[PDB]
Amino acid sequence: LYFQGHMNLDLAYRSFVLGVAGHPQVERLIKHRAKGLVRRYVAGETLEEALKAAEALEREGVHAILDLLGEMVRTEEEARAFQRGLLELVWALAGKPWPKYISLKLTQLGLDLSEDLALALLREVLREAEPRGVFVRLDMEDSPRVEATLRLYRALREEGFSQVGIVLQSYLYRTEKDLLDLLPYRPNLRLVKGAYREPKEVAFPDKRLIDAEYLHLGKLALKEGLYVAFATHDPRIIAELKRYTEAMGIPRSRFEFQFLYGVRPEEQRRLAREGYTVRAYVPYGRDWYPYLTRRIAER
């Protein structure tokens, strides 16, 4: 496609990586010749490999968020099969001596098929998770899914669940109002910049404004007394949040930093040694190749 008289470069780049990755040969060679590279970013194909990765993180003083990967869920049957995978994860984490935290996307529980289905399946996950001390994060997907995601969060909180948190994205205009609307829930928040392609009508097109909004929302949340997980790799933002929290006397027990597994691992450890709570987000599952393709196909 074209944008403003010139080829859409974002589109061109995405389409090339997707075409190249989809070629049977390059996939064959990535699986065979690039095993070490892949395992820096994805634990493995199995729950067993994920747990070993979490143990290896914990030995270095960094906590784990376990993220089950799966093919895009398109039928009720697939949503139930994915929930099954989530339940095995919850049951497997149950004994572990370290903090237990899983992440999931509501579309994988059939949100697009039925909001009622997603809620039913999610509630069954929380029923297992909460007595086991397993925290469940509802990852935030693209803008058309925000209202439903917030609805399901409020529903579960109102049914008595507390071991559940949400993600807010600093690139959306609507996020400050969402945050303010949610305050009576005293939500546990993960703050991210935002990973989806959104039109200028719903999201700041300017990286300076996305970054400014991230800092504004983080500081607002901190001053409101909310527990906030700063999910960012941006050194400017990390340095400012460290300075701000120290200046404001905000205890280390009231916030944390989160990084993708294998991204700035040296900084993950440094922040850990400085006394901050740090987690790495650890994907695992049979669908790692399409997943890594999409991460590459982004920026």
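Throughout, we count residues from 1 along the sequence that is shown.
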{"property": "Between 252-260 and 24-32 (mean CA B-factor, as deposited), the higher", "result": "24-32"}
{"property": "Greater mean Cα temperature factor according to the PDB record, 276-284 or 14-22", "result": "14-22"}
{"property": "Maximum C-alpha temperature factor, selected from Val192, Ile210, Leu217, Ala129", "result": "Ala129"}
{"property": "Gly165 by Cα B-factor - lowest, middle or highest third of the modelled chain", "result": "middle"}
{"property": "Record-listed C-alpha B factor of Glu201: chain third", "result": "highest"}
{"property": "Entry-reported Cα temperature factor of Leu37, expressed as the chain third it lands in", "result": "highest"}
{"property": "Third of the chain's Cα B-factor distribution that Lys96 belongs to, per the entry", "result": "highest"}
{"property": "Chain third (lowest, middle, highest) by recorded CA B-factor, residue given as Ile102", "result": "lowest"}
